[PDB]
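J.: So the sequence shown is numbered by the UniProt record's numbering: it starts at 270 and just counts up by one.
First the structure, then my questions, so here it is.
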Amino acid sequence: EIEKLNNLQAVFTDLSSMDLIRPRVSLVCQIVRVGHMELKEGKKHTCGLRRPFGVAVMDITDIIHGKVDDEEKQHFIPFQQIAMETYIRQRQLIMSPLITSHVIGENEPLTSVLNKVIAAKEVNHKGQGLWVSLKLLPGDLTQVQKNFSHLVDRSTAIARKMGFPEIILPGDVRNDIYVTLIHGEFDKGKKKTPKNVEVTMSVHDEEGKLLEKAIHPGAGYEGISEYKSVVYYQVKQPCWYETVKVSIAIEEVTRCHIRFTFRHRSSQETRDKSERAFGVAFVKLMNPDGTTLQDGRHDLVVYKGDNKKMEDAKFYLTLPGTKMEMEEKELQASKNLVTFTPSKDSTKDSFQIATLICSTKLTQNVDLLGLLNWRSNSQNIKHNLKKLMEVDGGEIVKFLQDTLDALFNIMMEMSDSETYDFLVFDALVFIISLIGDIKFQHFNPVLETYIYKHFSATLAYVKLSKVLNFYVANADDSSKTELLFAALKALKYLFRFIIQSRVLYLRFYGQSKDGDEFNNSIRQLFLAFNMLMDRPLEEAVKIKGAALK
């Protein structure tokens, strides 16, 4: 890219406070050669094949620390090539040749050379490297492009962090799905020469049509229809560890899946293009529970058989894709012997991928979704509520609005179950406690936005007052101590919601008929607090402290 030659300016965004104070950060530049399979002259070879060449690494933690910052410094990061050690030491072996092995100078995965460079602080570059001026610019992409616009114009490349910052801004709309090709064990089949498996991933829809540009190889480069993995030479289980970026329409990702067509890229072009994907794995970006694909490792399974069945969405999508999917179908078949016939096409071949979904809207939780489906999952609402608190606030904050509305709906529809009242009470206590945390304190404006604009209850406040009055009435309960104490920790917003429900009652029924009863509840709550405090201090020293707080 001649246009990039003077515009090869990289900026990594989202680099949070804990990122800078990380003990070790290294600037790893992976150099992958693209072209022919074998570095030989004489035979025509396929173009566009990626092969491992080398990786340049420099520990830029102190640069990220900001200890030394200077544009003039053109850091020459030494380049480490893979050990192609088969041409120098062979010329001197006399009087005792007894050796049986093969030639392996490229077959090492890039993670191997990466770990070598990480361990060995010295790199024998032999005059090969790259010049860069590394400086840390405070702030995210915006103020970097505004307080350092000269260095970082809009034409400067944009790169984001593997993770999330300490301050999740409300409306951090993103769809950064980072797919890492950890490894894949693909059998050599009837070829003694190990297959040069290339993961030409293909985002097909539920109808099987390939999605274009949904796969982005990395920052500073646009999306592509299909991403081809590095074609490892005669490696039975290639280990790529190649991260690609997937940014599909966040509302289309439910109908979108990735089809992993594994093609053996032989030493010759006619063989390569005459060889189809002997095996194909895949994953669908939604879980069966209506949630998007969970963040972490997914153990794909490479199928075998009719390639027509491999490429037709109505079959391979319906067929299980991951090893967990093998287990799911097998276990559902164990109880029900109704037309569940396992296929001998299920070879031992399998694939491994990791999905770092950096997104805001995408849902990954079971009990939270069941609570979303409360109107049809009242049976699990007991368990959905019993397990919602272990759901991290990162998931809750995604649709806190619908969560709050659903809790209030549970309250109005079937308020008879005081058990669900208690569950919703404690879950809401935890909700407000986590929103008050520094992580989610900036959603508190959005929380109050919901309260003033989207709160949807008229008498739940009555039951909240009743339950909280019970909480203060049973303050001496050790099991209540943590529950009542955490309620105390956020009583301001609990009562903001209660006031919202009361005022909705007011403006929906005109006059406060139970205004006197309401105030009586308030007063009896005060005197219950009095009963709490006049109890011996030893039981609840810290609890009366938080009460005063």
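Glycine included, C-beta positions come from ideal geometry on N, C-alpha and C.
Ends of the beta strand (DSSP E) at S619?
T.: Counting from one through the sequence shown, the residue named residue 619 turns up at place 350. Element bounds for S619: 619-628.
J.: Give a yes or no on whether the C-beta atoms belonging to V382 and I351 are separated by under 8 angstroms.
T.: As a first step, residue 382 is located in the sequence shown; it is residue number 113 there, counting from the start. As a first step, residue 351 is located in the sequence shown; it is residue number 82 there, counting from the start. Going by C-beta atoms, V382 is nearer than 8 angstroms to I351.
J.: Could you check whether the stretch 547-564 touches the stretch 490-505, counting it as contact only if at least three pairs of C-beta atoms, one from each stretch, sit closer than 8 angstroms?
T.: These segments do not touch.
J.: Can you give, in chain order, each stretch of the alpha helix (DSSP H) that sits fully within the stretch 571-598 and has at least 4 residues?
T.: If we require 4 residues or more, the alpha helix (DSSP H) runs fully inside the stretch 571-598 come out as 576-580, 582-585.
J.: Who are the near neighbours of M802 in its chain, counting only those whose CB is closer than 6 angstroms to its CB and skipping five residues on each side?
T.: On the sequence shown, position 533 is the one that residue 802 refers to. Contacts found: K813.
J.: Can you name, in chain order, every residue of its own chain whose Cβ lies under 6 angstroms from the Cβ of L773, other than the five neighbours on each side?
T.: Here residue 773 refers to the residue found at position 504 when the sequence shown is read from its first residue. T727.
J.: I need the boundaries of the alpha helix (DSSP H) containing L763, first residue and last residue.
T.: Within the sequence shown, residue 763 is the residue found at index 494, counting from 1. 760-778 is the span of the alpha helix (DSSP H), which, as asked, contains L763.
J.: Please state whether DSSP places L600 in a helix, a strand or coil.
T.: In the sequence shown, the residue the question calls residue 600 occupies position 331. In this structure, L600 counts as helix in the three-state DSSP scheme.
J.: Using the rule of at least 16 other Cβ atoms within 10 Å of the residue's Cβ for burial, across every protein chain shown, is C508 buried or exposed?
T.: For the purposes of this step, residue 508 is taken as residue 239 along the sequence shown, with counting starting at 1. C508 comes out buried.
J.: Which runs of the alpha helix (DSSP H), 4 residues or longer, sit entirely within the stretch 505-577?
T.: Segments of the alpha helix (DSSP H) lying fully in the stretch 505-577: 538-543.
J.: Using the Cα positions of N799 and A744, report the straight-line distance between them to the nearest angstrom.
T.: The count along the sequence shown starts at 1 and reaches residue 799 at position 530. The count along the sequence shown starts at 1 and reaches residue 744 at position 475. So the two alpha carbons sit approximately 11 angstroms from each other.
J.: Within 10 angstroms of its Cβ, does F609 collect 16 or more other Cβ (buried), or is it exposed?
T.: Residue mapping note: residue 609 aligns to position 340 of the sequence shown, counting from 1. So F609 ends up on the exposed side.
J.: Restricting to Cα atoms, I'd like to know which of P714, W643, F712, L669 is closest to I679.
T.: As a first step, residue 679 must be located in the sequence shown, where it is residue number 410. The residue with the shortest Cα to Cα distance from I679 is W643.
J.: Near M681, which residues of its chain fall below 8 angstroms by C-beta distance, leaving aside the five closest residues on each side in sequence?
T.: Residue numbering aside, residue 681 sits at position 412 when the sequence shown is read from its first letter. Around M681: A726, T727, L728, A729.
J.: Indicate whether the contact test is met: 3 or more Cβ pairs, each with one atom in the stretch 630-637 and one in the stretch 556-576, closer than 8 angstroms.
T.: These segments touch.
J.: Nearest by alpha-carbon distance to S370: which of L600, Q359, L794 is it?
T.: Within the sequence shown, residue 370 is the residue found at index 101, counting from 1. Ranking the options by Cα distance to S370, first place goes to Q359.
J.: When the Cα atoms are used, what is the spatial distance from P557 to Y572?
T.: To locate residue 557, count along the sequence shown from 1; it is residue 288. To locate residue 572, count along the sequence shown from 1; it is residue 303. When rounded, the distance between both Cα atoms is 20 angstroms.
J.: Suppose you measure from the CA of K482 to the CA of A488; what does that come to, to the nearest Å?
T.: Here residue 482 corresponds to residue number 213 of the sequence shown, with the count starting at 1. Here residue 488 corresponds to residue number 219 of the sequence shown, with the count starting at 1. Roughly 13 angstroms separates the two Cα atoms.
J.: In its own chain, which residues sit with a C-beta less than 8 angstroms from the C-beta of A816, not counting the 5 before and 5 after it?
T.: Here the question's residue 816 lines up with position 547 in the sequence shown. Excluding positions up to five away in sequence, the list reads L757, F798, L801, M802.
J.: Helix, strand or coil: how does DSSP classify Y730 here?
T.: Position 461 of the sequence shown holds residue 730. Looking at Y730 - three-state DSSP - the assignment turns out to be helix.
J.: Tell me the DSSP bridge mates of residue 227?
T.: Because the chain is modelled from 270 through 818, residue 227 falls outside the range shown and cannot be assessed.
J.: Is DSSP giving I484 helix, strand or coil here?
T.: As a first step, residue 484 is located in the sequence shown; it is residue number 215 there, counting from the start. DSSP places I484 in strand when its eight states are reduced to three.
J.: Is it right to say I333 is buried, meaning 16 or more other beta carbons lie within 10 angstroms of its own, or is it exposed?
T.: Working through the sequence shown from its first residue, we reach residue 333 at position 64. Per the 10 Å Cβ criterion, buried.
J.: Using only the alpha-carbon positions, how far apart do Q361 and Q397 sit?
T.: In the sequence shown, residue 361 corresponds to position 92, counting from 1. In the sequence shown, residue 397 corresponds to position 128, counting from 1. So the alpha carbons of these two residues sit roughly 27 angstroms apart.
J.: Would you kindly work out how many angstroms separate the C-alpha atoms of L760 and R804, rounded to a whole number?
T.: Mapped onto the sequence shown, residue 760 falls at position 491. Mapped onto the sequence shown, residue 804 falls at position 535. The straight-line gap from Cα to Cα measures roughly 21 angstroms.
J.: How is the beta strand (DSSP E) around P714 delimited, first residue to last?
T.: Counting from one through the sequence shown, the residue named residue 714 turns up at place 445. Run containing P714: none in the beta strand (DSSP E); it sits in the alpha helix (DSSP H), 713-723.
J.: What's the call for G779, buried or exposed, on a 16-neighbour Cβ count within 10 Å?
T.: Residue 779 sits at position 510 when you count from the first residue of the sequence shown. When all chains shown are included, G779 counts as exposed.
J.: Does the distance from the CB of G453 to the CB of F620 come in under 8 angstroms?
T.: One-based indexing of the sequence shown puts residue 453 at position 184. One-based indexing of the sequence shown puts residue 620 at position 351. Yes, Cβ-Cβ distance for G453 and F620 is below 8 angstroms.
J.: If you pair each beta-carbon of the stretch 413-429 with each one of the stretch 574-587, do three or more pairs fall below 8 angstroms?
T.: The stretch 413-429, when compared against the stretch 574-587, does not touch it at the 8 angstroms Cβ threshold.
J.: Can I446 and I622 be called in contact, C-beta distance under 8 angstroms?
T.: Counting from 1 along the sequence shown, the entry for residue 446 is found at position 177. Counting from 1 along the sequence shown, the entry for residue 622 is found at position 353. No, these two residues do not count as a Cβ contact at 8 angstroms.
J.: By the three-class DSSP mapping on this structure, what secondary structure does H452 have?
T.: Within the sequence shown, residue 452 is the residue found at index 183, counting from 1. Strand at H452.
J.: Short check: CB of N738 to CB of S781, under 8 angstroms?
T.: Counting from 1 along the sequence shown, the entry for residue 738 is found at position 469. Counting from 1 along the sequence shown, the entry for residue 781 is found at position 512. In this structure, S781 does not lie closer than 8 angstroms to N738 by Cβ.
J.: Can you give me the start and stop residues for the alpha helix (DSSP H) that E682 sits inside?
T.: As a working mapping, residue 682 is identified with position 413 in the sequence shown. Here the alpha helix (DSSP H) through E682 covers 669-682.
J.: Give the range of the alpha helix (DSSP H) segment to which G323 is assigned.
T.: What you label residue 323 is simply residue 54 of the sequence shown in a count that begins at 1. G323 -> not in any alpha helix (DSSP H); beta strand (DSSP E) instead, spanning 318-328.
J.: Check the DSSP bridge columns for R302 and list the partner residues they point to.
T.: Counting from 1 along the sequence shown, the entry for residue 302 is found at position 33. Answer is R320, bridged to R302.
J.: Do you know offhand how far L289's Cα is from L673's?
T.: Counting from one through the sequence shown, the residue named residue 289 turns up at place 20. Counting from one through the sequence shown, the residue named residue 673 turns up at place 404. Distance between the alpha carbons of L289 and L673: 36 angstroms.
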